[PDB]
Amino acid sequence: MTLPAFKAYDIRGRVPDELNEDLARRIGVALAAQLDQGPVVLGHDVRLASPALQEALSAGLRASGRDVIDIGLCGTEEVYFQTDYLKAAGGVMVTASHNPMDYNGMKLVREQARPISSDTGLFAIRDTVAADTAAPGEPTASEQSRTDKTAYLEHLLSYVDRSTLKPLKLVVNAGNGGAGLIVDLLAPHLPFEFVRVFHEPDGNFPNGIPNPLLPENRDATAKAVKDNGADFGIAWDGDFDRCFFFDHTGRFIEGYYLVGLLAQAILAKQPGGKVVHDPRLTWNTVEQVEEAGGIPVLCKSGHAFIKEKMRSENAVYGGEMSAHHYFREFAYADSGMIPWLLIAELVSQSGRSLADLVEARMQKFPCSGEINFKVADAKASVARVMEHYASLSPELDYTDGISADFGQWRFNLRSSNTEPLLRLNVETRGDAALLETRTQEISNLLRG
Ligand SMILES: [Mg+2]
């Protein structure tokens, strides 16, 4: 067998049986063998085990002659930004993002914060670590502490015209992850009044693990927006590379609609640019990008595909319906901070509420949201769906699972490559009744 903690795109596992300090040190040794010349940036999140795992990673890297740049407690996007900004050979973020408290992990990048994934170095590292019975060497390189966030903060602020910002009232919900530290460092430079919910970093997570998709966690942000009359609310996952929006009514905004909104925001700054989007939900993004003078570029979902497509296209922005937003000028990386700064600027400049900015789009292209199905046989379940609809002759696309376009409605059906888990997304052309009957029909077929 193989080490279960090595996944398709990162390392994650239960501490200490799936991930521990010895494994972390061996990963540092293995990573040093995979990178071009240069130092390695290390950062970590608020989880209790994260500092010790980072220190073991540093020990392995320095045993292999790599200088380490320790940027300390941070978000995942800061490892991306500093790896690129400091022209490092690579970087590692120690984080489990949104997983349970006994879990941790790592996200690995090389030069320019390019992802290291299972087929681009991560499984080479796994097998090296798995075979490594060598004695731990001693450090032949130094660690430098570099916690200065000035360049990162200046970069974030460069996305908005601060003289155009209004003193909006914004709920911010770090979920006791790390986002509140960055909010507080941005605040002196912004006119907003912040309503801070679950703000203090606490790896014990007394208010729940940081996952704004859980309805109970969703409701703390919604309640703060409604009780304070806030313009909108923002919540983050624990390492805040994902953000989530709540309009002034407390309504959680489905991430699909943020792709089109942010693309229009960016295209006003970078006219004629290309915008990369995923295949799960498409019609609204294609229309909004084209109306703003941009060029939409379809791409398989998952950050490694999006980033490499953005690079090959010189795309200014990429967005996934699942709360991932990527920016060319940000090393083609994802940020949970840039998106809400852009949205706050859009609300400020337009005089429109976030609710009204998305309302007509939600009416024009209603969607199901992503619906997950644990099935006995994913391949047979997909076959049942496709056989049922064969007589309607949908237009089929295989960019990412199966996309089927029927004219006034479409769906995307994708398989989990690890667990027998299908993911369904449906959308229609302004027809909520059709959305529900087709969603339920597909659901019945999948469960059959
Ligand atoms: Mg995350």
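FYI, side chains are in, hydrogens and waters are out, and symmetry mates aren't considered; it's all heavy atoms of this structure. Note that ligands are numbered from 1 as they come in the structure, with each ligand's atoms numbered from 1 the same way. Index from 1, following the sequence.
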Please find the N/O/S atom of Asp241 nearest to the Mg ion (ligand 1) and write down its name.
OD1

Have a look at the Mg ion (ligand 1) and estimate, to 10 degrees, the angle subtended by OD1 (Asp239) and OD2 (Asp237).
90°

For the Mg ion (ligand 1), does an N/O/S atom of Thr76 lie at less than 2.8 Å?
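Within the cut-off used here (under 2.8 Å), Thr76 places no N, O or S atom near the Mg ion (ligand 1).
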
Using the ring centroid of each side chain, check whether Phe246 and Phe232 are separated by less than 6.0 Å.
no

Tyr9 and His303: aromatic ring centres closer than 6.0 Å?
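Yes, the ring centres sit under 6.0 Å apart.
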
Distance under 6.0 Å and angle within 45° of ring axis: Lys307 vs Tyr80:
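The answer is yes, since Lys307 meets both limits relative to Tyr80.
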
Donor-acceptor pair between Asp22 and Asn20 side chains, under 3.5 angstrom:
no

